[PDB]
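Participant: my complex, part one, positions kept as in the full thing:
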Amino acid sequence: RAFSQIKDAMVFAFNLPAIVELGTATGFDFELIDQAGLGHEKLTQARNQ
């Protein structure tokens, strides 16, 4: 609440889960994979797309 409005750069404050490395229940980890001989530019375009 402090570091959201009255700051210059993004500062989140959080608590670490007890099982320190698994899934945020409602939450996924998507991979957008470039397959053909493409360019990093085209991939980012796909990403924002």
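Facilitator: Great, that's in hand. Numbering: from 1, shown residues only, chains lettered A, B, ... in the order given.

Participant: most distant residue from the middle of chain A?
Facilitator: residue A:37 (25.3 Å; CA atoms, centre = their mean).

Participant: so what's the backbone phi/psi at residue A:37?
Facilitator: phi -60, psi 50 (degrees, to the nearest 10).

Participant: residues in contact with stretch A:9-29: which ones?
Facilitator: A:3, A:4 (CB atoms under 8 Å, 6 or more residues apart in numbering). To be clear about C-beta, it is placed using only N, CA and C from the backbone, and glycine gets the same treatment.

Participant: if you count neighbours, what's buried in that stretch?
Facilitator: Going by neighbour count (16 or more other CB atoms under 10 Å), nothing in stretch A:9-29 comes out as buried.

Participant: next up, chain B:
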Amino acid sequence: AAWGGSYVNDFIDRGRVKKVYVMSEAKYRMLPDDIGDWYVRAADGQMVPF
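Facilitator: That brings us to chain B, laid onto the chains above:
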């Protein structure tokens, strides 16, 4: 690097690192005779035949 060839450097084709091989063209390294076709730049600046 004439008759055998050589892996030299690595390049980036379409974003994938592949090898760089330099070797003689086919015709100048087939026949014992073609041995003659190859020279070495000596210490001085002269080419010396095989």
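
Participant: that older thread, and the gap between the residue farthest from the centre of chain A and residue B:42?
Facilitator: Look at residue A:37 and residue B:42: by CB to CB, to the nearest Å, they are 45 Å apart.

Participant: returning to that earlier point: the residue farthest from the centre of chain A touches residue B:14, doesn't it?
Facilitator: Yes. Assessed by CB atoms under 8 Å, residue A:37 is found in contact with residue B:14 at 3.3 Å.

Participant: next to chain A, which bits of chain B? Give me the list.
Facilitator: B:13, B:14, B:15, B:16 (CB under 8 Å from any CB of the partner chain).

Participant: among those, name the ones in strands.
Facilitator: Judged by DSSP state E, strands contain the following of the residues of chain B next to chain A: B:13, B:16.
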